[PDB]
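In: let me start by giving you these chains from the complex, positioned as in the assembled structure:
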Amino acid sequence: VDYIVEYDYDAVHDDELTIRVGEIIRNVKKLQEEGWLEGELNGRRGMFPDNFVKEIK
């Protein structure tokens, strides 16, 4: 469930999560929105694009 985001995407909104290269997101779950995934990163739970995250299990 924990993915690894190789990119430098910056949260544009409050509900957006900042995912950077190497940053692993805890318990990542695919939302009803295409590409949007939700997880816990840096102690903050937020959604982030799938084109910036790579599931690592």
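Out: All right, it came through fine. Numbering: from 1, shown residues only, chains lettered A, B, ... in the order given.

In: and the residue nearest the centre of chain A?
Out: By C-alpha atoms, centre = their mean, chain A has its centre lying nearest to residue A:48, at 4.3 Å.

In: contacts only, for it.
Out: Applying C-beta atoms under 8 Å, 6 or more residues apart in numbering to residue A:48 gives the contacts A:5, A:9, A:11, A:16-19, A:25, A:36-39, A:41. C-betas here are computed from N, CA, C, even on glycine.

In: now do 7 Å
Out: By C-beta atoms under 7 Å, 6 or more residues apart in numbering, the contact set of residue A:48 is A:9, A:16-17, A:19, A:37.

In: now tabulate the residues you listed in a markdown table and tack on secondary structure, distance to residue A:55 and neighbour count.
Out: Shown next, in a markdown table, are these (DSSP: H, G, I helix; E, B strand; the rest coil; distance: C-beta to C-beta, whole Å; neighbours: other C-beta atoms under 10 Å):
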| residue | secondary structure | distance to residue A:55 | neighbour count |
| --- | --- | --- | --- |
| A:9 | strand | 16 | 18 |
| A:16 | strand | 19 | 16 |
| A:17 | coil | 15 | 26 |
| A:19 | strand | 13 | 27 |
| A:37 | strand | 9 | 22 |
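
In: one more chain, chain B:
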Amino acid sequence: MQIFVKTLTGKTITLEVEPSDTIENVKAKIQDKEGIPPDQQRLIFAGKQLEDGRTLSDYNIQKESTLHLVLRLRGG
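Out: Chain B now in position relative to the chains above:
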């Protein structure tokens, strides 16, 4: 030169565009094929928002790319 576009709903709308084309234009093409207001059209590529004030060439966006279309403050 075609490019894919990820829609929150789940549609990959691939629109026609050139490397010299501006983002403000690309926005229109979307509002002309999907009816999505430009002021409500957020385009993010490579982890950085695309400025309606810049061209694809600026973000070195080539063919067969993959843009991300988001909405202002997503609650879903």
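
In: ok chain B is loaded, check the contacts of residue A:48 again?
Out: Residue A:48 is in contact with A:9, A:16-17, A:19, A:37, counting by C-beta atoms under 7 Å, 6 or more residues apart in numbering or on different chains.

In: from those, which is closest to chain B?
Out: Ranked by distance to chain B (C-beta to the nearest C-beta), the contacts of residue A:48 are led by residue A:9 at 3.5 Å.

In: surely that closest one meets residue B:45?
Out: No: with contact defined as C-beta atoms under 7 Å, residue A:9 does not count as touching residue B:45 (10.0 Å).

In: the strand ranked longest in chain A pairs with which strands?
Out: Longest strand in chain A, counting residues (DSSP state E): strand A:23-30. Strand A:23-30 has its sheet partners listed here by DSSP bridges as strand A:3-5 (antiparallel), strand A:37-41 (antiparallel).

In: contacts for it, please.
Out: Here strand A:23-30 makes contact (C-beta under 7 Å, 6+ apart) with A:1-5, A:19, A:37-41, A:53.
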